[PDB]
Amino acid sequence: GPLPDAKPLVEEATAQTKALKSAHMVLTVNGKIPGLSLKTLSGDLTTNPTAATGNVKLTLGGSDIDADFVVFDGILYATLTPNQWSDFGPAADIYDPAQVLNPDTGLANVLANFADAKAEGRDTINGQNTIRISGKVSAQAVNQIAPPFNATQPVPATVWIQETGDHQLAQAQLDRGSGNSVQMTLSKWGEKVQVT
């Protein structure tokens, strides 16, 4: 049947995202984004205070490493060899994961700077009906959430917003062209992170 108007849905998702404290996130990098050596990540994030835990697949020196990670008390830790925790210092010197849910600079700021929104279709994301929406995100909003994009123009993007219910952002993708793109799927909004 007919699609809703994207614009009110984006506005509603913006407000919902600003109110978020925590979520489960799955992040995938498709192709190659210069200065991003991550391939995948899956984890749980809470904010105020910031903590995160999960697993990451990343490339270091031409090799893919699977690692568990914890961010706790500003500090990033990861197991670059199995069951061995290394301390990598302040998480903020690499990337503070709270930035993803910062209401001024994170996903909500992406949504508020998502231009030309148009509903394209319906898709299931994690068992929920969502509206797939195309648009373009400002360079400045992209660079603030994902510095390695190094955008000097608007970035084509797709968002998937819950059709009913709370209208959360279920998924977002930023396309750097060719077959190079970053996507995040969010779920379990307001989960207790558990702790670390």
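Numbers follow the displayed sequence, beginning with 1.
Of the two stretches examined, 69-77 and 90-98, the record assigns the greater average C-alpha temperature factor to 90-98.
Look at the C-alpha B-factors of 56-64 and of 130-138. On average they run higher in 56-64. Within the group 45, 38, 146, 27, the record's highest C-alpha temperature factor is found at 38. In this PDB entry, the Cα temperature factor of residue 158 sits in the bottom third of its chain's modelled residues, the lowest group. Ranked by C-alpha B-factor against the other modelled residues of its chain, residue 180 falls in the highest third. In the deposited entry, the Cα temperature factor of residue 150 places it in the highest third of its chain's modelled residues.
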